[PDB]
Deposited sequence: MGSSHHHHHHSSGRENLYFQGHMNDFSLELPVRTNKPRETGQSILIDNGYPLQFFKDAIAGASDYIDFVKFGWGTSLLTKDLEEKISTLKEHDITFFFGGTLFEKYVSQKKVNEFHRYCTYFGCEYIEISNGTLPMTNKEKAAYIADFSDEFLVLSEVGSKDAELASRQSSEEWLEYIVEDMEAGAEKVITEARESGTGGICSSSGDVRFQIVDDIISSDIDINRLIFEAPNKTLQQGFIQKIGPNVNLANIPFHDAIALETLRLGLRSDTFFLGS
């Protein structure tokens, strides 16, 4: 018809070539409108850090996501916030209440060793599919690789990280088990170029739902070839 030869993409449910968008507090109607228009290319939606706590229409947002076959989870900073106040059980009851399938565990803010973080991954892994994050919001050499393996051994479904670390990873660690944060076009195109059309990416802004897919398909100049 108007057919073109394009890179082969994974289809939902995606276990690879996943796209995780970040919701920084979008109003409900715009949220529904955005999800409806690009759902086929959205696999996860992360409710940024502690924004979910101040979201009055959280229930409706989650319902809209489930309805469009999209997984959700709360930012790892929320987990850390409850840990910092010794209320991990409330966090657990919070994720369970909203029917979370996935949850993020990180140690980017709260001073905590990856080892301690891994223990939390292990504790929650028998109830949730865990996405862990390696890195701090603030040092560390290739201990990075160690933390990734450690996280995986603890039970992390996938590991989120922040481009040479890419080549370093190509040391027998399945690249498909990793998710790379790419909040802008430059980062997105770079990861797609090094790993391919089905690289797993996170922190994708809502306005890039369609745009990211064009990058994966070589429908934009940056990845044309």
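Asks: Which parts of the deposited sequence have no C-alpha atoms in the model?
Replies: 1-24, 163-168, 193-210, 274-276 are the stretches of the deposited chain that have no C-alpha coordinates in the structure.
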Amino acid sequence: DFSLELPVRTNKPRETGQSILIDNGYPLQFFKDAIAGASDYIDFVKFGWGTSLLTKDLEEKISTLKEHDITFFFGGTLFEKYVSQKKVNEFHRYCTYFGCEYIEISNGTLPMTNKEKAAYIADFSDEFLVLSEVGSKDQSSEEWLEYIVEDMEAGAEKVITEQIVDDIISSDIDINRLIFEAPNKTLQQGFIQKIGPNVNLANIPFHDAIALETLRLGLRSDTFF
From here on, numbers count along this sequence of modelled residues.
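Asks: Compare the mean C-alpha B-factor of 140-148 with that of 121-129 as given in the PDB entry, and name the stretch with the higher value.
Replies: According to the entry, 140-148 carries the higher average C-alpha B-factor.
Asks: Between 165-173 and 53-61, point out the one with the higher average CA B-factor as the PDB entry records it.
Replies: Per the PDB entry, the higher value belongs to 165-173.
Asks: Taking the values straight from the PDB record, which of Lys158, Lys194, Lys32, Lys46 has the highest C-alpha temperature factor?
Replies: Highest CA B-factor of the listed options: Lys194.
Asks: Within this chain's modelled residues, let me know which third the CA B factor of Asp40 belongs to: lowest, middle or highest.
Replies: Tercile = lowest for this residue's CA B-factor.
Asks: Using the temperature factors of the C-alpha atoms in this entry, rank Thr16 within its chain: lowest, middle or highest third.
Replies: Its C-alpha B-factor, which the entry lists for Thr16, ranks in the middle third among residues of this chain.
Asks: Rank-wise, by C-alpha B-factor, drop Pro111 into the lowest, middle or highest third of its chain.
Replies: Ranked within chain, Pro111 CA B lands in the highest tercile.
Asks: What third of its chain, lowest, middle or highest, does the C-alpha temperature factor of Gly75 fall into?
Replies: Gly75: CA B-factor falls in the lowest third of its chain.
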